[PDB]
Amino acid sequence: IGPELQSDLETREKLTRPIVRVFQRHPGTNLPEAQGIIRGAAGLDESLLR
Amino acid sequence: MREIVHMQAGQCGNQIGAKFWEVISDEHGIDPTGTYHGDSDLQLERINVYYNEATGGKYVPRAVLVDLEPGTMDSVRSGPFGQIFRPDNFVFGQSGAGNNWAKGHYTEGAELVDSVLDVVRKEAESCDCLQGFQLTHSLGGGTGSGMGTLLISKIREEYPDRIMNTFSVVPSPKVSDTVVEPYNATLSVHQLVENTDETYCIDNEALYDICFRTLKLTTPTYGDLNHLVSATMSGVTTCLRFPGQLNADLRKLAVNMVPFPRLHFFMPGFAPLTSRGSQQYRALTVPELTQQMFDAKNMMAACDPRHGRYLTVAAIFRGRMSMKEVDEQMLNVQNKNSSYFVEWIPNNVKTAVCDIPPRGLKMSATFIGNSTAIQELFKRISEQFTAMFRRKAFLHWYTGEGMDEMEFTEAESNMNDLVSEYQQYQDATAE
Amino acid sequence: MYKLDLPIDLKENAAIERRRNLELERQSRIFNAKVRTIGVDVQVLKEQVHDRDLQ
Amino acid sequence: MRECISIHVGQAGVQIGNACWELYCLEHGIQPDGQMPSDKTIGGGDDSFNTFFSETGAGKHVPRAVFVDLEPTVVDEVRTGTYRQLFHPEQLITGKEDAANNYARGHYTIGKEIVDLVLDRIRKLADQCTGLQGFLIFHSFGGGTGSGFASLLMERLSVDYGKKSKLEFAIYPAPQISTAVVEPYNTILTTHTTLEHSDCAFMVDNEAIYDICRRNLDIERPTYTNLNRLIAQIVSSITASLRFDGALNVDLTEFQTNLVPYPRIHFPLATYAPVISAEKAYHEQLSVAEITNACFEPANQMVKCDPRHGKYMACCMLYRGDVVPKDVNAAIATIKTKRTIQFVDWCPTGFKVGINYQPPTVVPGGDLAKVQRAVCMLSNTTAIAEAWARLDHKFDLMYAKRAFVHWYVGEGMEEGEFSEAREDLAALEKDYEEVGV
Amino acid sequence: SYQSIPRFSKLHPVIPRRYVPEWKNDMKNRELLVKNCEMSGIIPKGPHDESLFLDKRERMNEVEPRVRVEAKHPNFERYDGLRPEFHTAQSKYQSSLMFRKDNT
Amino acid sequence: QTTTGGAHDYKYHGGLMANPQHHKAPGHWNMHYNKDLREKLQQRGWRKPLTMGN
Amino acid sequence: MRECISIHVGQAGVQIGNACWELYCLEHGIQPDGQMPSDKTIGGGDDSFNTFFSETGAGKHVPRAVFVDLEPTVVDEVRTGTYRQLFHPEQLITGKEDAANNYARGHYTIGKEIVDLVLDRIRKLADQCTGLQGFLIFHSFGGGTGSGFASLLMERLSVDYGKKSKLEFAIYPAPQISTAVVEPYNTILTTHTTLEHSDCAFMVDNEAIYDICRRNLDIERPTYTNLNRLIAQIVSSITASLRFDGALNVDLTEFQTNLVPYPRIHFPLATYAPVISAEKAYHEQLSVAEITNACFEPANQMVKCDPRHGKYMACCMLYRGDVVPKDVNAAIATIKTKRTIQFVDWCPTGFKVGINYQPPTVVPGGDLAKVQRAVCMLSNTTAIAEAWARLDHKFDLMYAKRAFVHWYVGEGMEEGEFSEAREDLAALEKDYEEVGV
């Protein structure tokens, strides 16, 4: 999940890092990273409740 | 402005209630003449709950003294604080009771009941907003039991919306003080169950143990016992007479303690009580006051709460103190003694705070306990009843002045039903 | 009652320029960000500390 | 022109009234006699006392309050204590016998003897205004006068007075701390009136204020007085937009339209920052960011439920003091970049900001330190369902055995009250859950 | 005319408020940007729903199909992540990954 | 001693433990700015009264 | 824009923090009540204290540190000491039950009711900051508060702050000198869980500082105060580039990137030169080359481990005072040319030099002389494998018979943690060995 301030994202781990801005300068894109961390957070939440 | 009409029947009632009137008289500042001699206006503001404006600054009690025979009533008149009473509130016959329930109730109590109803009617109709009646008597004799029960029944018939408090000191586990007190107590509680709003059962053995262990007191006498009972009365009615952070009157206590109309027999208790030579060793805090409240040896009922479960508790504190401390102490004692409280009622505690402690004290406390341990007392009375009812001993008297055996059978069945309900709501679980 | 004339106008103008004095007080307080954000008054805090200790 | 009528019902409500009007007198400079020493005012806005104090004679300011308690003890103490000449004698209304923790006594038998007089006095107080903003109704869920008579009072007011604001400050039973046994019954019973007759109900918890005074004020033994004073601080910070000018003034209509999205979600939480003592005011910064993070602080809410398990819906900030939007927007951005604050999906813009000029007034002999910046946060979070859940469990395991029901039944109240109030509480629970998801 | 009814993914506190991709609003060389989205036919070029992230959520709406979004896998399995090499930054997690065993 | 009686004593407003009261504003229908009108009408003292003789 | 939050955990943390902030107050001219006086050139325009002290309106310079210990009397010595009113009252967090030299008790049972409040205080100290650069965390590996609560705290900090630079100052247990018996357990079980939650971990050894004070300082009967003073100096030399400008300067991130080769090799030793007294230093030609050599004798480090048995990997030197960089470069050339020092073949440029103009500050009661030149060496070398080997041997010896394990099982641990910590340290030993070859 990360820290409780996305002003403190440590730019390397950001979904608007300069590398992915260079990525989204062209059409296409929509990386499977945000959905991946969604699935990971969901699985860890179900594990926590179990 | 609410009023309490206080009635005292029997020799025990006429002693304990006289001590109670004397305690609240020198708590409100009333002198033996009857005039106000206090210092604060709080003692004078809410004075009509027990007194009547007689002569200028003179205040007379609203007492009704009842006896079949002018016994201790004469000694009350001739003692200190005995001429504050109105002289025609003394209603008295000339025959005896003989520690006989039917003499107090049916034959010899019949000639005085009309006079007592006239006196208490004159007292009650003078009040602008009457709240209730407070009877002091004994469940072991004839005047305290028979005439007391008859008076409760007639007062309930005339005023079936007021709060009926009865104190009614009950027979002891060990030592009798009357050989027919199982019959007397059974026949009295047969009508105390269906008439009184609430009853504060007091045992003299518990009073003796309080004097011996928590007060040393090598020569207690009945003065200290009636003083303790009087302190409990003042503690249970102090919220009417003095302002506080959280008020709770008699109707509020009755609402907050009894879950069902049958279960209204309580265990009174008073704190702080200190053995003479231990005030320097103890320090006054709300936690020690509450722990002395919830100590099993502090209540004036001989039945042990460890052999039972607390249905409800009323805690009336008197003194300048913190509501956070009071609520935290109640929460702490409830959480630690989690097996002594019924699980299907959360917060079995009704708190009240009065701002005026008794004189010479910083904090005082009154504990009222509705628990299922009262079944021990009722089972003792039922056992000592059925021990002699099977042999018909001491019963030719009651048959002679004229009741039937069906009344005794109905009384013992009512007692057994009350024992059954108190046992049911001790082992009944929530879910 | 009274007639509405020059003393009433003078009272009104006094109210206007009292409002002006109050808002220049607030301007002097807020344009001095060391007072605006990290303020609070030492003398009143000390008196309240002494009141609590006395209580 | 911006008048507001305070109705204090119950012993708890009368104590709130004592603290509130002593704080109002200290704020607006009315002595307890009822005189203003320096009053250079014309009228129409500069009379900042006019929202609370009316006018009579040679300079006497009587409050716009009605004190109601069936028991004639606390109101009589008010009548014979310090603020004696301030209050009009007919505003202080008493009875003879209290309802004694009984909703049936307060609503059905004792209640319809004084309610007509209370409505006549409310009408007489409201007829002299020149435009009324609302009713601040202070009461308790403990029971008796604060539940039954208050329930009848909101019922009558919502029938007749119609389109006026009815802000209801109700103190709520704690999860564990309680002073009564029929308190769950009374609390469940006074849910329909706050759902169907209140416009905005501020539920506040005594144990939570105890924790706040223990942690931030260093008061090891707090009484009701500090709680009353801090609730008076909250309501004064709420109403101060009606009395003193500011950069952004928020009246009650804007306040309600910015809180409540649906007519049944009128249960916000009130918190106040800072609530510190002066020794901590030495070693604290007390800037706008600090006193907004203290408002969003988990162990600083005034009911015992952390909003970490809930979702924020609409937060009304009322800044009070030397506060500038340059700092306000920075604080709002700092909040909205925080993970722990979790706003609801259908509300991107969820902050209503109102900035006032006048700093809060300290009572001479209280606990709160005198500060030049404060926030009154009024947040409509959906984490309030925990309180309904705890009273739901208490009412379930009490009413399963039908204890303390014969009082209500014999005092003129059909036993379907408990079931219908139970269903209304369950409806509120389900509604808050489907809003939160 | 037509109907959109925009939808969004579930919540995560890494999504940085609003963020549109650059190419939707990249107007130094737009005149041949839109024909790349025209020949493919799977990327809508409409003016609306430009926010790939609106509040804290991903846009599941008409910005690419769901396929080709998840299809950019560099073929990384749980075998590689549970025994990371020493010189990378993923060996900062070894004691929490060695407790995970290895089955799938 | 009562709790509320000892708590809510006579509190003296103003002094060191007080802020200046920031009043909202007077009413614009009350605010006429006639002092400036008086000082303007003081000038041009060669006027004649609006009577029948002039 | 540059800040460092200090967390002093454990009794060893708190005493080091006392000496450290005595040094900081003397460096920045902060009086013990916490106020910069008035004037004399830099007045109202000083930011040498921005990394350590905040500002308030009372003039108090609130420390940016948290003194946390599960046991009383040491935070109470702080609260009744000379710096009584320097510290914020809520910045001094204490418990009720001691952690009993027990990693399990400090990590799983008693430390769980304090971690939320100390994270709340760290959140307040961090949102008082705009340019936070790291968390300097001081403790010992002896056990209890410094081992279990410290590990839980750094796990929570890693969760809540990302991987911000969490600098570690750990008092590693000595080979021969010992205080506890369960030190191998408390050190192995915290190395396992803090090997991946601290970005850099300066080891320090009480026996080595004892030898340093006995030999190079003539303080034949020393106490913990001298050790804490040298630790304070060697931390202030690290942080001084954030507070005083000059020549080549290095922040908390640059020396991390130039120091740690691999993310699991983050355990450097630390050295300070010239550790010297007044009468000893008066007969001396204290200069840059010989104080570099002074950092480079094997009998001069703060960890009892011979660097001649290992190979240097990365050396970050921190020169302070009137230091001309040509002497630094000449010293680097001489220590590179002489063959007693062995370097790994994969690091030709194995030095990172940071030069600051400010000379060190002495305390009235300390033992270090007022000097012109000073140097702080942070050396990452493979000579710590001997320390890990001694710790592993003691852990295996005391774990073979399950001695002192029922305490950990009673306060919440398995044999699984012990076994995984053993093989974690075995993996660390293997990694150090293969890096060394």
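First chain written, first letter: the chains are A, B, C, D, E, F and G, and each begins at residue 1.
Please note the rule applied: a residue touches a chain if its C-beta (ideal position, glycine included) is under 8 Å from a C-beta of that chain, and two chains touch if they have at least 3 such contacts.
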{"item": "Per-chain Cα centre nearest the global Cα centre, belonging to chain", "value": "D"}
{"item": "Distance from the mean Cα position of subunit F to that of subunit C, given in whole angstrom", "value": "15"}
{"item": "Centre-to-centre distance between subunit E and subunit C (centres being mean Cα positions), rounded to whole Å", "value": "57"}
{"item": "Subunit A and subunit D, separation of their C-alpha mean positions in angstrom", "value": "43"}
{"item": "CA centroid of subunit A to CA centroid of subunit F, Å", "value": "62"}
{"item": "Touching two or more other chains - residue numbers and ranges from subunit D", "value": "41-42, 46, 77, 223-224, 279, 281-282, 285-286, 337, 339, 357, 362, 365, 370, 372"}
{"item": "Residues of subunit E whose C-beta touches two or more other chains", "value": "13"}
{"item": "Subunit A residues counted as touching two or more neighbouring chains", "value": "1-4, 6, 9"}
{"item": "Complete list of chain pairs which touch one another", "value": "A-D, A-E, A-G, B-D, B-F, C-D, C-F, C-G, D-E, D-F, D-G, E-G"}
{"item": "Contact set on subunit C toward subunit D in their complex", "value": "11-12, 14-15, 18, 26, 29-30, 35-41, 44-46, 48-49, 51-52, 55"}
{"item": "Interfacial residue positions of subunit A with respect to subunit E in the complex", "value": "1-2, 4, 6, 9, 14-16, 21, 24-32, 34-35, 37-38, 41-42"}
{"item": "Contact footprint of subunit F on subunit C as seen in their complex", "value": "6, 9-10, 12-13, 15-16, 19, 22, 25-26, 43-44, 47-48"}
{"item": "For the subunit G and subunit E complex, residues of the former touching the latter", "value": "163, 192-193, 195-196, 262-264, 420, 424, 427, 431"}
{"item": "Residue ranges of subunit F touching subunit B (in the complex, touch as defined)", "value": "1-4"}
